[PDB]
Number of protein chains: 2
Amino acid sequence: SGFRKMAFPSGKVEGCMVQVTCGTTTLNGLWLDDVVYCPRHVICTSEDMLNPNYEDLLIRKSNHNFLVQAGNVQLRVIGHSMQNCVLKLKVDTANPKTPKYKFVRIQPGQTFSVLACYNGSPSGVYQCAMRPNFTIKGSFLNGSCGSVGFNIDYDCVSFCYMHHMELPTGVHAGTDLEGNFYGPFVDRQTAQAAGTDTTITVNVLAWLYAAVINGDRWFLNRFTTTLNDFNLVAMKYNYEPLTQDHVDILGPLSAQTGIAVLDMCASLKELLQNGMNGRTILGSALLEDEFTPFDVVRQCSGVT
Amino acid sequence: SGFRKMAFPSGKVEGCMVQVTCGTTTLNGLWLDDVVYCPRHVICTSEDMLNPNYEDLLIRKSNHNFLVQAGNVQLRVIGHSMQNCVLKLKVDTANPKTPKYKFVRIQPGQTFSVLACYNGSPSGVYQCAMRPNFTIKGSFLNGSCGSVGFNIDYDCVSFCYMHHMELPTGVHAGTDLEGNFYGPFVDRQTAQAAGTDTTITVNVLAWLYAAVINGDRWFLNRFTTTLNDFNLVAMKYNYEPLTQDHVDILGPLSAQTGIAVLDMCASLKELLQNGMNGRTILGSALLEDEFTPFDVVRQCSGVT
Ligand SMILES: COc1ccc(N(Cc2cccc(Cl)c2)C(=O)Cn2nnc3ccccc32)cc1
Ligand SMILES: COc1ccc(N(Cc2cccc(Cl)c2)C(=O)Cn2nnc3ccccc32)cc1
């Protein structure tokens, strides 16, 4: 028993982190096979970030200008290309520690682990979610760019995120491993405001199911609701609308606990309207939305 | 910016996890050099746990009864010994992935990362604290025993915890790597109740300093207090007494922010007395105590 904000074991990704330096800018790169992926803003100075012309800046760079260091050994760059907002640096040596991997573009509400890195060296690992406004609430300092987000399915790492920037509001933005930003963000230091950070309803419900499984049941009530009635309350509280797809996804947790999805919705509706009254659920005084229904089943079943 | 409950990168510890089976009991072991460390209750059945005589149960076991599997390859056991509540299984092969390591016995209030494992395979990593009542609030299912807690200082892993059991109350108990339990717990399925789970005051103050560094400053007030006055409030709220040693430990955070330790204590005193009023600090609606002052400096400085 017990329910924690758990990250995936990071070893497979640690074996892929490298340092990439271009001129006076140093950030992290991801070395998979004979390619090193990193943010294209490695070619920029802090001044260039105000209005960068990446194509023009990149013309002035040659393979020997991209310094890639894996541990304490230098990798030889034999090609470079820009794909969307990432650079792919072809090196002459395949990473011997390349795990089985996929590049996946995640949907908002999905969770992943981030291995925060500086100078190609891992500092820590934490679990987070892609917000509905396409930002992430991470922990990134200057130099963390190129740190990646991933999920693991047994021995296959699905990379979903590469860190690019911090918005003036303190939230984070980045790309998938094809270099396409999540949401409307651009790699330019300009006025970019995030939209409404709504709560991921299906995740809150999954976490309420984890609470029941792990003993916290005080919030269960004698009520039920409908999807339309629940959604009227969800709209009022800036919660994402719950769909029949979400209800279906919560089926296995509903079956395990014997609590119908709409009954759990009615419990959530009362928590929104009445608050917690100074009580906690799974050690939290707010409704947690960074656990997907798949995370709840995975953690509650012990998938390795 | 941003502040997350970050765990240490787990790769160095992943390279040490093995499966240990004795009879019909399977749990995890830690393979360092030519020794595999695991809970001595690997020799027990569920029935034996009610009243085990470990010395007598161990007499009936020989080296060939301890099956140790590292990945998909079997390790040869050439010796076994019981040290306190752990078994040390000497194997004929040194772990080639043995990191630089130390065994450390931590004090209550100190934090560490846990690599939850099942069948010698890592499932996840999370950060937690040794509670003042010597329990941990982890996420452990049956089969997780022998999963370890650790801290990393650059390339040296300091192992501090090995998981042994779940108390009837849902909290966790275990030993250091010398096999001595933290607190008064014993490896017997009996009435063992945890004492008061007080809040780690020095950690809450460190986390308030992290909040100021990372932008959340609403809770800062125009007051100050003394250690004795603060402690009268801390006692009332089941917070650990703050000592001059704690004030000294918070010195660097006080210097960085320009907020005197006793002024931050007065802010904490008002938060205890008035509550949060529906507001949050670093995304939390309660005062977080699982970050030490060293964790705050480490995360806010980007130590790798
Ligand atoms: C090459 O020199 C720089 C210099 C600065 C950046 N910027 C600014 C920027 C850049 C494009 C967009 C926005 Cl909204 C903002 C970053 O956000 C990079 N970054 N990422 N996580 C951080 C955490 C703390 C501080 C800086 C952090 C990027 C490149
Ligand atoms: C060899 O067979 C068993 C069988 C059971 C246990 N017990 C019971 C016990 C044992 C000594 C003390 C207490 Cl208070 C309680 C455990 O607590 C082991 N364990 N650890 N984390 C768990 C999470 C969920 C379920 C079980 C979990 C140990 C050995």
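Residues numbered from 1 in each chain as written, not as in the entry; some residues may be left out. Chains lettered and ligands numbered in written order. Heavy atoms only, no water.

For this coordinate set, the PDB header names X-ray crystallography as the determination method and states a resolution of 1.510 Å.

Asker: I keep staring at helix 7 (residues 261-274) of chain B and nothing clicks. Help me out?
Answerer: Structurally, the α-helix is built with 3.6 residues per turn, so residues lying three or four positions apart point the same way. Residue and element names in this part refer to chain B. For helix 7, spanning 14 residues, the distance from its first C-alpha to its last is 20 Å, which sits close to the expected 20 Å at 1.5 Å a residue. When you tally the buried positions in helix 7, you get 10 out of 14 residues, the bulk of the element. Considering only its buried residues, helix 7 is in contact with helix 3 (201-213), helix 4 (227-236), helix 5 (244-249) and helix 6 (251-257). Where helix 7 terminates, the next one or two residues include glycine 275, which has phi positive at roughly 80°. (Helix = DSSP H or I, 4+ residues; strand = E, 2+ residues; numbered from the N terminus. Expected span 1.5 Å × (residues − 1). Buried < 20%, exposed > 50% of the residue type's maximum accessible area, 1.4 Å probe, protein only. Contact = heavy atoms within 4.5 Å.)

Asker: I keep staring at the interface of chain A and chain B and nothing clicks. Help me out?
Answerer: Interfaces are often described in size by the accessible area the parts lose on coming together. Each partner contributes to the interface: chain A provides 43 residues, whereas chain B provides 43 residues. Across the chain A/chain B interface, buried area totals approximately 3,000 Å², and carbon plus sulfur atoms make up 52% of it. Counting across the interface, chain A meets chain B through two salt bridges. Between B:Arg4 and A:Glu290 there is a salt bridge whose closest N-O contact spans 2.8 Å. Seen at the junction of chain A and chain B, the total is 23 residue pairs in polar contact. The greatest single-element share of the side of chain A that touches chain B, amounting to eight residues, is contributed by strand 10 (residues 121-129) of chain A. Grouping the constituent residues of the side of chain A that touches chain B by class yields 18 nonpolar, 19 polar and six charged. (Buried area = accessible area lost by both parts, 1.4 Å probe. Salt bridge = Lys/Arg side-chain N within 4 Å of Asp/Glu carboxyl O. Polar contact = N/O pair within 3.5 Å; in protein donor to acceptor, adjacent residues only side chain to side chain. Nonpolar A, V, L, I, M, F, W, Y, C, P; charged D, E, K, R; others polar.)

Asker: Looking at this structure, how should I read the nonpolar core?
Answerer: The nonpolar side chains of a soluble globular protein tend to be buried with one another. In this structure, A:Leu30, A:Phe159, B:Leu30 and B:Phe159 are the most contacted members of the largest nonpolar core, which totals 40 residues. For B:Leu30, the contacting residues outside a window of four places in its chain are B:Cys16, B:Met17, B:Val18, B:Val35, B:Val36, B:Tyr37, B:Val148, B:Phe159, B:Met162 and B:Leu177. (Core = buried A, V, L, I, M, F, W, Y, C linked by side-chain atoms within 4.5 Å.)

Asker: Sorry if this is basic, but what is going on with the site of ligand 1 here?
Answerer: Taken together, 20 residues form the shell around ligand 1, and within it A:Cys44, A:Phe140, A:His163, A:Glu166 and A:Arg188 come nearest. Among the chains of the assembly, those with residues near ligand 1 are chains A and B. Within the side chain of A:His163, an N or O atom sits 3.1 Å from a nitrogen atom of ligand 1. At 2.8 Å from an oxygen atom of ligand 1 is found a main-chain nitrogen or oxygen belonging to A:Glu166. Taken by itself ligand 1 offers 610 Å² of open surface, and the protein chains cover 85% of this. Its residues assigned to classes, the shell around ligand 1 comprises seven nonpolar, 11 polar and two charged. Both of domain 1 (1-14 + 100-197) and domain 2 (15-99) of chain A provide at least three residues apiece to the shell around ligand 1. (Near = heavy atom within 4 Å. Areas by Shrake-Rupley, 256 points an atom, 1.4 Å probe, with all protein chains shown as cover. Domains from an automatic or database assignment.)

Asker: Even after reading the chapter, I still don't get the domain arrangement of chain A, so can you show me in this structure?
Answerer: According to the domain assignment, chain A contains domain 1 (1-14 + 100-197), domain 2 (15-99) and domain 3 (198-301). Computed from C-alpha atoms alone, the centre-to-centre distance between domain 2 of chain A and domain 3 of chain A is 43 Å.

Asker: Would you mind going over the relation of the copies chain A and chain B with me for this structure?
Answerer: Related by rotation about an axis and a shift along that axis, the two copies of the chain form a pair. For the pair chain A and chain B, the relating rotation is 180°, the translation along its axis is 0.0 Å, and the fit reaches an RMSD of 0.0 Å. The transformation relating the two chain copies, once decomposed into turn and shift, fits a two-fold axis. Minimal C-alpha distance to the rotation axis in chain A is attained by A:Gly11, lying at 1.8 Å. A shared interface surface links the copies, since 100% of the contact residues of chain A are contact residues in chain B too. (Least-squares fit on C-alpha atoms.)

Asker: Sorry, what's going on with the pattern of salt bridges here?
Answerer: Think of it this way: side chains of opposite charge can pair up when their charged atoms draw near. All names here are of chain B. A complete count under the given rule lists 24 salt bridges over all chains for this structure. For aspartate 155, the salt bridge goes to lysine 100, with nearest N and O atoms at 2.8 Å. Here the residue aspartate 155 occupies a position in the loop between strand 11 (148-153) and strand 12 (156-166), and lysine 100 occupies one in strand 8 (residues 100-103), the gap between them amounting to 55 residues. The exposure class assigned to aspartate 155 is partly exposed, which follows from its relative accessible area of 23%. On the accessibility criterion, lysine 100 (53% relative accessible area) is exposed.

Asker: Sorry, what's going on with the sheet that holds strand 3 (residues 35-39) of chain B here?
Answerer: Pairing between the strands of a sheet comes from backbone hydrogen bonds, and it takes one of two forms, parallel or antiparallel. Residues and elements named next belong to chain B. The strand order across the open sheet built from seven strands is 5-4-1-2-3-7-6, with neighbouring strands paired in antiparallel fashion. Each end of this open sheet is capped by a strand with a single partner; those strands are strand 5 (73-75) and strand 6 (77-83). Going from strand to strand, the sheet's axes swing by 30° on average, the running direction of each strand aside. Sheet topology places strand 2 (residues 25-32) next to strand 3; three bridges connect them, and they run antiparallel. Within the sheet, the bridge partner assigned to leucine 30 lies in strand 3 and is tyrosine 37. (Pairing = 2+ DSSP bridges. Axes fitted to C-alpha atoms, helices over the stretch in contact; angles between N-to-C directions.)

Asker: Help me out: how do you make sense of the sheet that holds strand 5 (residues 73-75) of chain A in this one?
Answerer: Residue and element names in this part refer to chain A. Strand order across the open sheet formed by seven strands is 5-4-1-2-3-7-6, with antiparallel pairing between neighbours. Looking at which strands have only one partner, the edges of the open sheet turn out to be strand 5 and strand 6 (77-83). The sheet shows a mean angle of 30° between the axes of neighbouring strands, direction not considered. Pairing of strand 3 (residues 35-39) with strand 7 (residues 86-91), which is carried by five bridges, proceeds in the antiparallel orientation. For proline 39, the partnering residue across the bridge sits in strand 7 and is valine 86.

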